[PDB]
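This report refers to the structure that appears directly beneath it.
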Amino acid sequence: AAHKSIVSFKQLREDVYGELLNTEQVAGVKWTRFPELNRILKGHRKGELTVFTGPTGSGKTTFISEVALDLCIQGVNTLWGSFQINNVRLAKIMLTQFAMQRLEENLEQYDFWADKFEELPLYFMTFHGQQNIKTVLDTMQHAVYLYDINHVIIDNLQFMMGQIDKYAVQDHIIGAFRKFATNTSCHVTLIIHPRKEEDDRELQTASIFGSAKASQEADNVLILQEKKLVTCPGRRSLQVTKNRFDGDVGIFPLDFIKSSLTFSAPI
Amino acid sequence: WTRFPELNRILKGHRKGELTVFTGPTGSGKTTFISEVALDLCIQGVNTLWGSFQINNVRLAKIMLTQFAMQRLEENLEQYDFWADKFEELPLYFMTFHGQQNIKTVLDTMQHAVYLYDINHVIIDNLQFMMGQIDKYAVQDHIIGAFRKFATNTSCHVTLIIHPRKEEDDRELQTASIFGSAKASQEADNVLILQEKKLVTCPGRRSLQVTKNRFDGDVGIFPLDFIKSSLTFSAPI
Amino acid sequence: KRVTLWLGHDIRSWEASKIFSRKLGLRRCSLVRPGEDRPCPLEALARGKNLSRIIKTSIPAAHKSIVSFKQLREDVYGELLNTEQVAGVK
DNA sequence: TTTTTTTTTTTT
Ligand SMILES: Nc1ncnc2c1ncn2[C@@H]1O[C@H](COP(=O)(O)OP(=O)(O)OP(=O)(O)O)[C@@H](O)[C@H]1O
Ligand SMILES: Nc1ncnc2c1ncn2[C@@H]1O[C@H](COP(=O)(O)OP(=O)(O)OP(=O)(O)O)[C@@H](O)[C@H]1O
Ligand SMILES: [Mg+2]
Ligand SMILES: [Mg+2]
């Protein structure tokens, strides 16, 4: 009675007590600019993999940038994988979102905001085109070992994966990402494009392009919705279909302030 | 844009390094409108290259010269020399290809022309004609990815004209109607799309929508009218 | 027969080389558009391999890209002349 | 044996 079959609570009781003691530490950093996400996702917890998807040109990158900027203010060290937008335009968008005002109008205040934003724990990767899973993941481990980052975002898996036996390399890379997340306790965010819909159906959790493993092994399936008008549709809606921790599903409308390029509070 | 005031308040201009896709109903005037846009852009600074994979290079040149002349040049051949000479100095180029060609040979000519003429606007007509030759729905994605990589590594505005799938002739063309995989819709920066109001005799009243706009996201439509005499798409009326 | 332009690598030289090639026999002298400097700096910078490969791989002056209304003028004029022949038998 | 993507027929 000494092999790898772990014994009962006689040695696991202490871990359970420790987890139950810090109930406010299991659910980690909360959101400041997003009161709705504080009552749905119950916060941001390390070691979980989440997938993001939405209609074409619906603002997936902009919303993720806002969430990352909100989380990076207090404690979270973030790493950005910009596989679609070059690192300068993304930097402009994030800076404009932080400044809460059109920085192009006033270049005299550029120095102050740049200095105040310079010390935040923000990191980027210079990868822009198609890359294999071996080279990108090595930089992830190297950045974890040095800067101690706890929130990595990859932009458009379909872009990086796109190069055979398709519908299988995607499963391999997403499994590698899940293994890296669980072995290191870093919140990995993935933006996976959906399959071709008919533009009049609400995007369900089964619309993820590829095998079903993406929805199976993910912990949060935050998905955007579009109400296609003829002129400036707006009124984007966000749904949370799956939630492993404290399962809760809900939606809430969002409005877009054009001046600040930020997703305002629900109205 | 100069002849298109509406496009100055929707796409906010023409920017290098972006790939745009054009689509519309069959025989609705996709080639003519693209010709007008390219001619209006090439006037000031833009050096353009044309892919005439459906229309032979003589008819396309005739249409472009008619649009530049703003009148029926066939009526007055005495004025042909003056407008031909005024049209000669414009930085315009074409490719001699007319039939099906693989992506490896057409792309090399683009690089060779970029290295010499410093062009920043290459237009490809009828991607379905170029792709038409297996594993279909995969070569199209490959060539679209190659075009996107070439555009981002060279910073030249690549315009693509892709046919839509077989519609019911009574439904507005959505952004998901692009023939092939959905890679074109996610991967392109502008999804300029034409609309048709099918009448029984000379319908007209073509409508243009902008479903996607990566830079300064704005969506809007504006009707267009066609001056038959000058073969030009006039200002919205 | 096959000349190779070796103008300066800076500005106002590559364009001058293009202009000279256009003035001279087109499709007969290939210009050089490499990232290295002139042959003297290349020899100084130990770029002999570059000076032997890039020069031998010079970009040809012409290509299968038909020109603007310097050619095709006759065909367009002809098609605009016998407009009654564009539409054939009635 | 999954997994998109276009196209014709039948029957909820
Ligand atoms: N709700 C909204 N209302 C108006 N404009 C918006 C809204 N959301 C985003 N935009 C605009 O759309 C532009 C593109 O945004 P973004 O880059 O996030 O799209 P994307 O999700 O990356 O597109 P794709 O899905 O094709 O990659 C932004 O410049 C932004 O100004
Ligand atoms: N709005 C309009 N009203 C009347 N005639 C038009 C209009 N637009 C285009 N045309 C005519 O239709 C003819 C064909 O135009 P064009 O070559 O652009 O079609 P196309 O888009 O190439 O067709 P396809 O989609 O089958 O390739 C032109 O000669 C033009 O005179
Ligand atoms: Mg994006
Ligand atoms: Mg056509």
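What follows is calculated from the coordinates using simple rules that are stated; it is not laboratory data. When we count neighbours, we look across all protein chains shown, and the Cβ atoms used for this are built from the backbone with ideal geometry, even at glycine.
In the range B:27-59, which residues are buried (at least 19 other Cβ atoms within 10 Å of the Cβ), within 12 Å of chain C (Cβ to nearest Cβ) and touching a helix residue (DSSP H, G or I) at 6+ places or on another chain (Cβ under 8 Å)?
B:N47, B:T48, B:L49, B:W50, B:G51, B:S52
How do the pairs read when you match residues in the range B:72-91 that are among the hydroxyl-bearing types (S, T, Y) with residues anywhere that are surrounded by 11 or more Cβ atoms within 10 Å (Cβ to Cβ), using Cβ under 7 Å and keeping only pairs 6 or more apart or on different chains?
B:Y80/B:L73; B:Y80/C:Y77; B:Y80/C:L80
Being surrounded by 12 or more Cβ atoms within 10 Å (Cβ to Cβ) and either facing another protein chain (nearest Cβ under 10 Å) or of a type in the set (D, E, K, R) (or both) is the filter here, so list the residues in the range C:45-63 that pass it.
C:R47, C:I59, C:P60, C:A61, C:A62, C:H63 - these are the residues of the range C:45-63 that are surrounded by 12 or more Cβ atoms within 10 Å (Cβ to Cβ) and either facing another protein chain (nearest Cβ under 10 Å) or of a type in the set (D, E, K, R) (or both).
How about the range B:1-110: which helices (runs of 4 or more DSSP H) wholly inside it have at least 3 residues that are of a type in the set (D, E, K, R) and more than 26 Å from B:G145 (Cβ to Cβ)?
In the range B:1-110, the matching helices (runs of 4 or more DSSP H) lie at B:80-88.
Taking the range B:227-237 as the search range and keeping residues that are part of a strand (DSSP E or B) and out of contact with any strand residue (DSSP E or B) (no Cβ under 6 Å at 6 or more places or on another chain), which one is farthest from ligand 3 (Cβ to nearest atom)?
B:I227
Hey, among the residues in the range A:187-215 that are of a type in the set (A, V, I, L, M, F, W, C) and in a loop (DSSP other than H, G, I, E, B), which one's farthest from ligand 1 (Cβ to nearest atom)?
A:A212
Which one is nearest to the other protein chains (Cβ to nearest Cβ), of the residues in the range B:149-185 that are in contact with a helix residue (DSSP H, G or I) (Cβ under 8 Å, 6 or more places away or on another chain) and surrounded by fewer than 20 Cβ atoms within 10 Å (Cβ to Cβ)?
Taking the candidates together, the pick is B:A176.
Taking the condition over 30 Å from A:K196 (Cα atoms) and polar (S, T, N, Q), does A:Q130 pass?
No, not satisfied.
Cβ-Cβ distance below 8 Å, separation of 6 or more or different chains: which pairs start in the range B:189-205 with a residue that is more than 14 Å from chain A (Cβ to nearest Cβ) and end on one that is of a type in the set (A, V, I, L, M)?
Pairs that qualify, where the first residue is more than 14 Å from chain A (Cβ to nearest Cβ) and the partner is of a type in the set (A, V, I, L, M), are B:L194/B:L173; B:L194/B:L208; B:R205/B:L224.
Here are some residues: A:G75, A:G81. Which one is within 16 Å of ligand 3 (Cβ to nearest atom) and within 21 Å of the chain's Cα centre (by Cα)?
Unique residue meeting the criteria: A:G81.
Looking only at the range A:206-218, count every residue that is in contact with a helix residue (DSSP H, G or I) (Cβ under 6 Å, 6 or more places away or on another chain), within 14 Å of chain B (Cβ to nearest Cβ) and among the polar types (S, T, N, Q) and tell me the total.
0
Which of the residues spanning the range A:103-128 are loosely packed, with under 12 Cβ neighbours inside 10 Å and either touching an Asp or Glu at 6+ places or on another chain (Cβ under 9 Å) or over 18 Å from A:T262 (Cβ atoms) (or both)?
Passing the criteria: A:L107, A:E108, A:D111, A:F112, A:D115, A:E118, A:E119, A:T126.
Select from the range B:119-148 the residues that are of a type outside the set (V, I, T) and touching a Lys or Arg at 6+ places or on another chain (Cβ under 7 Å) and write down the one among them that is nearest to the other protein chains (Cβ to nearest Cβ).
Ranking the candidates gives B:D141 first.
Could you list all residues from the range A:179-216 that are within 11 Å of DNA strand D (Cβ to nearest atom), under 17 Å from the mean Cα position of the chain (by Cα) and of a type in the set (S, T, Y)?
Matches in the range A:179-216: A:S215 only.
Among the residues of the range B:69-81, which ones are crowded, with 19+ Cβ neighbours inside 10 Å and either facing chain C (nearest Cβ under 9 Å) or within 14 Å of B:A38 (Cβ to Cβ) (or both)?
Matches in the range B:69-81: B:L73 only.
Take the residues in the range A:130-148 that are among the hydrophobic types (A, V, I, L, M, F, W, C) and surrounded by 13 or more Cβ atoms within 10 Å (Cβ to Cβ); name whichever of them is nearest to A:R45 (Cα to Cα).
This residue is A:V144.
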